[PDB]
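Taking the numbering used here, the leading residue of the sequence shown gets 617, the next gets one more, and so forth.
Beta carbons: idealized from backbone N, C-alpha and C, even for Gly.
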Amino acid sequence: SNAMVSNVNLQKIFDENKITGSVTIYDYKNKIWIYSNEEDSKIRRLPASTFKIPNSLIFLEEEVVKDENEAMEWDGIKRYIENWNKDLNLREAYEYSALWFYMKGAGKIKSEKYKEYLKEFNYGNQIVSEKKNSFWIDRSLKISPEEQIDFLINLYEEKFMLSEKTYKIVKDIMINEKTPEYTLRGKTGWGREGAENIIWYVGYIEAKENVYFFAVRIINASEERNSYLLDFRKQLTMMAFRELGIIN
Numbered sequence: 617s618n619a620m621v622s623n624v625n626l627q628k629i630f631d632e633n634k635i636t637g638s639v640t641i642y643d644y645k646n647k648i649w650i651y652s653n654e655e656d657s658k659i660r661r662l663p664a665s666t667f668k669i670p671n672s673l674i675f676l677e678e679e680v681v682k683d684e685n686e687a688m689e690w691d692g693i694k695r696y697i698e699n700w701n702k703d704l705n706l707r708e709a710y711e712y713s714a715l716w717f718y719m720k721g722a723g724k725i726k727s728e729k730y731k732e733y734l735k736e737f738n739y740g741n742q743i744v745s746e747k748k749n750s751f752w753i754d755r756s757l758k759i760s761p762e763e764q765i766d767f768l769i770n771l772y773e774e775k776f777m778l779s780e781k782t783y784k785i786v787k788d789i790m791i792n793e794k795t796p797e798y799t800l801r802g803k804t805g806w807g808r809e810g811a812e813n814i815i816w817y818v819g820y821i822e823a824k825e826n827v828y829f830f831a832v833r834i835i836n837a838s839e840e841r842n843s844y845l846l847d848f849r850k851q852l853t854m855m856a857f858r859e860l861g862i863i864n
């Protein structure tokens with residue numbers, strides 16, 4: 617059973633916010649791809665902190681931490697987010713997007729091992745630079761919105777060769793909003809390529825006896841507007857869902 621590409625209101629949300637980029641959604645039960653701009657969905661950009669999804673799978677499978685409650689030791693250096701300035705476990709590091717925790721954990725993993733996971737995960741261009749503790753923020757590794765979704769579908773279906781415990785823990789820590797209507801798993805990331813700020817929100821939402829995988833990626837050239845867009849990316853995603861009838 618093959619997919620279908622759905623048949624303008626989504627592009628309007630971008631236009632009214634003076635942004636480019638796109639929203640891409642995959643309706644799992646019906647096998648429908650929904651694009652605000654199908655050609656943008658094929659363009660690879662750095663994943664930034666959206667990489668904390670695969671990196672969390674890798675940390676558990678490779679035994680960097682035993683589970684999501686095991687704290688990693690903070691080096692005592694004050695950093696600019698106060699929630700970062702303490703020992704953190706995987707659940708907290710994910711929630712707070714604590715780069716130091718993932719950089720420290722990546723030191724326990726060889727570059728060739730990461731390349732093995734990037735192959736298993738079909739993770740974009742699968743490039744690891746010499747910066748083997750930060751290749752997801754240095755523009756070496758790049759991934760498209762379509763590829764984010766395909767990776768997330770495989771995670772949901774548990775198609776990768778990972779243990780049951782790894783999947784169970786990561787699916788739980790990924791939940792960042794739950795109501796009686798829906799369970800949302802979504803992760804932000806952002807960075808800059810050239811003059812373009814790149815703002816991601818990727819994940820999947822369980823709703824309506826279905827699953828909707830999503831990859832929102834905002835392109836913003838305006839310095840003055842970037843902080844608002846960081847605050848707006850999740851609400852933009854929710855607006856797209858409401859426009860499509862996915863949630864009320």
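Fill in: Assigned secondary structure, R808 (DSSP; H/G/I helix, E/B strand, else coil)
DSSP places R808 in strand when its eight states are reduced to three.
Worksheet item: Which residue spans inside the stretch 653-683 form an unbroken alpha helix (DSSP H) run of at least 4?
Response: Scanning the stretch 653-683 for uninterrupted alpha helix (DSSP H) segments of 4 residues or longer gives 668-677, listed from N- to C-terminal end.
Discussion item. Using the three-state DSSP reduction, which class does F829 fall into: helix, strand or coil?
Written reply: Judged by DSSP in its simplified three-state form, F829 adopts strand.
Fill in: alpha helix (DSSP H) segments (min. 4 residues) lying fully within the stretch 729-791
761-773 and 780-789
Worksheet entry | Bridge-paired residues (DSSP) for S638 | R833
Discussion item. Within a Cβ cutoff of 6 Å, which residues of the same chain sit near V680, ignoring the five residues on either side of it in sequence?
Written reply: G721 and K724
Worksheet item: What span of residues does the alpha helix (DSSP H) with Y710 cover, start to end?
Response: Segment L706 to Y712, the alpha helix (DSSP H) holding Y710.
Worksheet item: Near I765, what residues of its chain come up, given a Cβ to Cβ distance below 6 Å and the 5 sequence neighbours on each side ignored?
Response: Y642, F829 and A831
Item to complete: Following the continuous alpha helix (DSSP H) through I629, name the residue where it begins and the one where it ends.
Response: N625 to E632
Discussion item. Is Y696 near the ligand FAD - that is, is its Cβ less than 7 Å away from at least one heavy atom of it?
Written reply: Absent from the structure shown: the ligand FAD. Ligands present: none.
Worksheet entry | Cβ-based neighbour list, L626, same chain, cut-off 7 Å, excluding 5 preceding and 5 following | Same-chain partners within the cutoff: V639, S652, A856 and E859.
Worksheet item: Got a sec? Which residues, its chain only, sit under 7 Å from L673 by beta carbon, not counting five neighbours each side?
Response: Taken in chain order, the residues that qualify are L778, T782 and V786.
Item to complete: Leaving aside the five residues before and after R755 along the sequence, list all residues of the same chain whose C-beta is less than 7 Å from its C-beta, in chain order.
Response: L662 and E809
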